[PDB]
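**Q**
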Amino acid sequence: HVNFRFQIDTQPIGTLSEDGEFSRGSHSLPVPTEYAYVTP
Amino acid sequence: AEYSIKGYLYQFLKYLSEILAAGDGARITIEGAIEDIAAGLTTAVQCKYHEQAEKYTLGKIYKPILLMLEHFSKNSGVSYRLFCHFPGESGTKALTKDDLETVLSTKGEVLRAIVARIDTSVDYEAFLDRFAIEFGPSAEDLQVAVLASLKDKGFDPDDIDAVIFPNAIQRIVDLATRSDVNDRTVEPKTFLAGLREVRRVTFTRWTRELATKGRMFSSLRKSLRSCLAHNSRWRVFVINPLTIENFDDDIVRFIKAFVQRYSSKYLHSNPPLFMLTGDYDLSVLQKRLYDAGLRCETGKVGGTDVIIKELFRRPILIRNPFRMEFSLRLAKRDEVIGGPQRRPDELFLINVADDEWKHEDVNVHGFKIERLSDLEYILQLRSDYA
Numbered sequence: 266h267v268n269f270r271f272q273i274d275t276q277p278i279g280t281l282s283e284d285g286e287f288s289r290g291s292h293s294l295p296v297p298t299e300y301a302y303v304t305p
Numbered sequence: 004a005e006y007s008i009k010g011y012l013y014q015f016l017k018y019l020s021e022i023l024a025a026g027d028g029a030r031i032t033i034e035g036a037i038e039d040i041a042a043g044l045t046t047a048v049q050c051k052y053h054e055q056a057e058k059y060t061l062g063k064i065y066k067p068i069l070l071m072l073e074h075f076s077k078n079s080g081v082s083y084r085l086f087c088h089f090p091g092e093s094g095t096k097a098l099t100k101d102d103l104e105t106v107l108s109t110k111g112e113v114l115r116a117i118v119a120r121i122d123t124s125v126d127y128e129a130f131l132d133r134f135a136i137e138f139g140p141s142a143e144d145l146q147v148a149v150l151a152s153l154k155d156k157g158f159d160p161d162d163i164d165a166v167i168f169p170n171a172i173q174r175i176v177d178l179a180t181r182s183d184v185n186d187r188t189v190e191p192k193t194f195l196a197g198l199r200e201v202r203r204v205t206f207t208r209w210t211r212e213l214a215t216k217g218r219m220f221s222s223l224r225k226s227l228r229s230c231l232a233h234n235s236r237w238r239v240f241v242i243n244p245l246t247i248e249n250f251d252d253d254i255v256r257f258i259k260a261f262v263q264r265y266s267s268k269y270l271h272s273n274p275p276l277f278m279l280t281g282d283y284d285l286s287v288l289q290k291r292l293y294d295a296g297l298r299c300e301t302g303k304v305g306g307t308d309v310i311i312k313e314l315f316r317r318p319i320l321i322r323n324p325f326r327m328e329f330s331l332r333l334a335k336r337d338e339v340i341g342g343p344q345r346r347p348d349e350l351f352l353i354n355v356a357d358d359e360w361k362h363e364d365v366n367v368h369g370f371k372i373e374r375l376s377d378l379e380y381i382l383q384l385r386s387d388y389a
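Top line first, the protein sequences correspond to chains B and V. Those letters in the first sequence? Residues 266 to 305, per the working numbering, in order. Those letters in the second sequence? Residues 4 to 389, per the working numbering, in order.
In structure tokens form, the structure reads like this:
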């Protein structure tokens, strides 16, 4: 506090496509202003 | 009526198998099927199919002959045909008049009912001379043999199944149903030399029933992946609505899905351009798209003519919360006179032949969708395909 400004750190594992393929490795570094989502 | 198409596609594939196996000099034109004016004094054909049996059985085969006798009754004065498979027996045999009388004999309610419906007057002798009952092998065998043929023809094997094959049968069927004044018969050599240079996927009711369709979707999908993965690019669609099915009520869903996956974020900083050719009225579509939630850039100032500048500009964007002035771009083709400063990265065409913007650097992608719901699987918007 001082607004609130939460923070959530994270570490990368791998990649998942739509068809379903999982590929291991930090193949891509995500660009900012890109949304985050929760995992089913 | 029932309209058993599989027999028709088998008949056309027989045309095609003979065409591929044919030597130099051969010249034929398609015998027009009834299911298409009836061009020609008497030049027509028709066919149906049945192939399920462990051994020949004269018992089941009747119904086609009865319904075809009825068809003959409704109109005549115009050949006929038939195809079917049973193990072992093959070849063509001319039925006897006594056999035709037996066919007159019926032991079933439906057969006798059709007989009662059938006109009393008949020419069983003209039927024997004009009608026939042939027997052949199953279709998939013919398809796989055609595959080997196309291989022998010496074409790029990776692309045989996607473009060459589905487009061949389509070219062949183009002659089955058409009205124009031009040379009818098709020579083989020019046929092949021409088809070898055409690259435009083709879907339709005909190809849909084609046996090997699965690989086509998957190939064309794995092709466009990199083309639809980047965020910032310039895309240009073009459409003709005269021949598509149920346009007015299904274009909107497509537009919404596209604009709601590819132009809903911040880093998407070059919204697409959709173009329609013909005589469509943009007003109603603009209105409904507003009613949905999206806004458009007609390109106009005062409703007289289009300005090539404003249409291509970049939009304003703000992060928190997100707002975007224009999300899509609309304009008719005939009105757009000029060119873009930056040459597009992908130019998709639906049911069109040629455009001025084509080039070497610009990538083209030519399709022939009959309905619009199929392309949705090609562009990653739905998991299943109808």
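In this text, a Cβ means the ideal position worked out from N, Cα and C, and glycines have one as well.
Kindly confirm or deny that the stretch 209-223 of chain V and the stretch 321-328 of chain V touch, where touching means at least three C-beta pairs closer than 8 angstroms.
**A** No: fewer than three Cβ pairs fall under 8 angstroms.
**Q** Run through DSSP, which three-state label would residue 427(V) get?
**A** Because chain V spans 4 through 389 in this model, residue 427(V) falls outside it and cannot be assessed.
**Q** Pull up the distance between the alpha-carbon of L288(V) and that of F277(V), whole angstroms please.
**A** Rounded to the nearest angstrom, the two C-alpha atoms are 12 angstroms apart.
**Q** Residue range of the alpha helix (DSSP H) that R203(V) falls in?
**A** No alpha helix (DSSP H) holds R203(V); DSSP gives it neither H nor E.
**Q** What residue does the alpha helix (DSSP H) around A24(V) start on, and which one ends it?
**A** Looking at the DSSP string, the run of the alpha helix (DSSP H) that includes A24(V) is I8 to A24.
**Q** Does any CB atom of chain V fall closer than 8 angstroms to the CB of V296(B)?
**A** Closer than 8 angstroms: yes.
**Q** Can you tell which of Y380(V), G80(V) and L198(V) has the C-alpha that lies nearest to the C-alpha of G157(V)?
**A** Cα-wise, what sits closest to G157(V) is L198(V).
**Q** Compare the C-beta of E286(B) against all C-beta atoms of chain V and say whether one is closer than 8 angstroms.
**A** Chain V contact via Cβ: absent.
**Q** In chain order, what residues of the same chain have a beta carbon less than 8 angstroms from the beta carbon of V113(V), not counting five sequence neighbours either side?
**A** For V113(V), where only same-chain residues beyond five positions count, the Cβ hits under 8 angstroms are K66.
**Q** Pull out every residue of the stretch 310-324 of chain V whose Cβ sits closer than 9 angstroms to any Cβ of chain B, in chain order.
**A** Listed in sequence order: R322.
**Q** Taking 7 angstroms as the line, does the beta carbon of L19(V) fall inside it for any heavy atom of the ligand SAM?
**A** Here there are no bound small molecules, and the ligand SAM is not part of this structure.
**Q** For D274(B), collect the residues of the same chain with a Cβ closer than 8 angstroms to its Cβ; drop the 5 residues on either side in sequence, then sort them by chain order.
**A** Excluding residues within five positions, none has a Cβ falling inside 8 angstroms.
**Q** As an exercise, report each continuous alpha helix (DSSP H) stretch of at least 4 residues that is fully enclosed by the stretch 31-83 of chain V, in chain order.
**A** 65-77, all fully within the stretch 31-83 of chain V.
**Q** Just to confirm the assignment, what range does the alpha helix (DSSP H) spanning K96(V) have?
**A** First-last for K96(V): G94 to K96, but that is the beta strand (DSSP E), not the alpha helix (DSSP H).
**Q** What span of residues does the beta strand (DSSP E) with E379(V) cover, start to end?
**A** Note, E379(V): premise wrong, no beta strand (DSSP E); alpha helix (DSSP H) at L378 to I381.
**Q** Rounded to a whole number of angstroms, what is the C-alpha to C-alpha distance between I321(V) and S272(V)?
**A** Distance between the alpha carbons of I321(V) and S272(V) is about 12 angstroms.
**Q** Is the separation between the beta-carbon of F86(V) and that of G10(V) shorter than 8 angstroms?
**A** A contact, by the Cβ cut-off of 8 angstroms.
**Q** Going along chain B, which residues have a C-beta under 8 angstroms from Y269(V)?
**A** Residues of chain B passing the Cβ test: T298.
**Q** For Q263(V), would you say it is in contact with chain B, using Cβ-to-Cβ distances shorter than 8 angstroms as the test?
**A** False, the Cβ-Cβ gap to chain B never drops below 8 angstroms.
**Q** So, at 7 angstroms on beta carbons, what are the nonlocal neighbours of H74(V) in its own chain, with the 5 sequence-adjacent residues on each side left out?
**A** Excluding residues within five positions, none has a Cβ falling inside 7 angstroms.
**Q** Can you give me the C-alpha to C-alpha distance between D162(V) and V189(V), rounded to a whole angstrom?
**A** Looking at the two C-alpha atoms, the distance is approximately 24 angstroms.
**Q** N249(V) and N354(V) - do their beta-carbons sit closer together than 8 angstroms?
**A** In this structure, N249(V) does not lie closer than 8 angstroms to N354(V) by Cβ.
**Q** Taking Cβ positions, are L350(V) and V239(V) nearer each other than 8 angstroms?
**A** In this structure, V239(V) lies closer than 8 angstroms to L350(V) by Cβ.
**Q** Terminal residues of the continuous beta strand (DSSP E) containing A301(B)?
**A** Segment: none, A301(B) is in no beta strand (DSSP E) and carries neither H nor E.
**Q** In the DSSP output, what is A119(V) paired with across the bridge?
**A** Paired residue(s): none; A119(V) is not in a bridge.
**Q** List the residues of chain B that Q383(V) touches, going by C-beta distances under 7 angstroms, in chain order.
**A** Per Cβ cutoff of 7 angstroms: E283.
**Q** Would you tell me roughly how many angstroms separate the C-alpha atoms of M71(V) and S82(V), rounded to the nearest one?
**A** Roughly 11 angstroms separates the two Cα atoms.
**Q** Cα-Cα, which of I167(V), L333(V), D252(V) and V118(V) is closest to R374(V)?
**A** The option with the nearest alpha carbon to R374(V) is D252(V).
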